[PDB]
Amino acid sequence: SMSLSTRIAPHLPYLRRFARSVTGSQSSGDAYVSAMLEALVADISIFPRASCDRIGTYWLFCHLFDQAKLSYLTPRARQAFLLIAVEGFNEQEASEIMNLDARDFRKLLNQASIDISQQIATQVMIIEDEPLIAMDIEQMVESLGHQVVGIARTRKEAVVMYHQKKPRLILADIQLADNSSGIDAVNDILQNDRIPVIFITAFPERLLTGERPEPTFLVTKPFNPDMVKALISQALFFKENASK
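So for the sequence shown, our numbering puts the first residue at 12; every next one is plus one.
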């Protein structure tokens, strides 16, 4: 109940999502989460005893790896927007996580909003069979300034549409009509093509165990524009730095 592991274990799945979103890969993101657990073993008292379990876990993760530091991979401004838009913390929770005053944290969100607005708009292909979901994500992507080149509903459509339209980013549901894997479909479609993919699921924790190959970016349905905006922004940032 008070057991230190039981306070931390339920929050590791979502912490890997934050780690993957900040590092750019499962291998790098999951590695930081494991290193955090090793750090806690060396000195168990580094965990905050009066914080809420989830806030203490994220605070510790940022405390160990951000004063290769996290800021070298994703600037703190964009980390601040990730904590709100993806990890679901409020402004004070995230400020406590990043150990900052409200004035310094609000300045980070504005800088993050500036950096994203300077990003070049991309062409997005959506793989989604449910119309209400495809309608929603298509409207959100275009509202953020990006272009939706097509919506594939089945794997067969997606193979045709991908080679026909050659998108620069893919938003794909993990499950399709016949319970077929959207993850397998994207993998078969891309082959060695290095195209950023963001997967949509109602249960992201199932792909955040760290026990097997898992996606880097997970949009949670029900989603909201901030979540999609941040994850698209991060996918484009890592792709740009890799190409340059």
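In this text, a Cβ means the ideal position worked out from N, Cα and C, and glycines have one as well.
Quiz item: Sorted by chain position, which residues of the same chain lie with C-beta nearer than 7 Å to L26's C-beta, five sequence neighbours on each side aside?
Solution: Here residue 26 refers to the residue found at position 15 of the sequence shown. So the list reads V44, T68, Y69 and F72, once near-sequence residues are dropped.
Exercise. Drop a sphere of 10 angstroms on the beta-carbon of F214, count the other beta-carbons inside from all chains shown, and report buried for 16 or more, exposed for fewer.
Key: For the purposes of this step, residue 214 is taken as the residue at position 203 of the sequence shown. With fewer than 16 other Cβ atoms within 10 Å, it is exposed.
Exercise. Taking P59 as the reference, give the member of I209, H74 and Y83 with the closest Cα.
Key: To locate residue 59, count along the sequence shown from 1; it is residue 48. Taking only the C-alpha atoms, the option nearest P59 is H74.
Quiz item: Rounded to whole angstroms, how far is the Cβ of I200 from the Cβ of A169, which I believe are closer than 8 Å?
Solution: Taking the sequence shown and counting its residues from 1, the one referred to as residue 200 is at position 189. Taking the sequence shown and counting its residues from 1, the one referred to as residue 169 is at position 158. 6 Å between Cβ atoms; contact.
Quiz item: With burial defined as no fewer than 16 other Cβ atoms inside 10 Å of the residue's Cβ, what is the status of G35: buried or exposed?
Solution: Against the sequence shown, residue 35 aligns to sequence position 24. Burial call: buried.
Quiz item: Between which two residues does the beta strand (DSSP E) carrying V44 extend?
Solution: Along the sequence shown, one-based indexing puts residue 44 at 33. Unbroken run through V44 is the alpha helix (DSSP H), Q37 to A53; no beta strand (DSSP E).
Quiz prompt | Nearest to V230 (by Cα), restricted to the options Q122, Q245 and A91 | solution = Indexing the sequence shown from 1 puts residue 230 at position 219. Measuring from the Cα of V230, the nearest candidate turns out to be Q245.
Exercise. Check whether the region 149-158 touches the region 104-123, taking contact to mean three or more Cβ pairs, one atom from each stretch, closer than 8 Å.
Key: no
Exercise. May I have the straight-line CA-CA distance separating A113 from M151, to the nearest angstrom?
Key: To locate residue 113, count along the sequence shown from 1; it is residue 102. To locate residue 151, count along the sequence shown from 1; it is residue 140. Cα to Cα, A113 sits roughly 29 Å from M151.
Self-check item: Where the beta strand (DSSP E) through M146 begins and ends
Solution: Here residue 146 is taken as the residue at index 135 of the sequence shown, counted from 1. Unbroken run through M146 is the alpha helix (DSSP H), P142 to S154; no beta strand (DSSP E).
Practice problem: Could you name the residues of the same chain whose beta carbon sits closer than 7 Å to that of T227, not counting the 5 residues immediately before and after it, in chain order? | Solution: If you number the sequence shown from 1, residue 227 lands on position 216. Contacts found: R31, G35, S36 and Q37.
Quiz item: Given a threshold of 16 other Cβ atoms within 10 Å of its Cβ, counted over all protein chains shown, does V52 qualify as buried or as exposed?
Solution: Working through the sequence shown from its first residue, we reach residue 52 at position 41. It counts as exposed.
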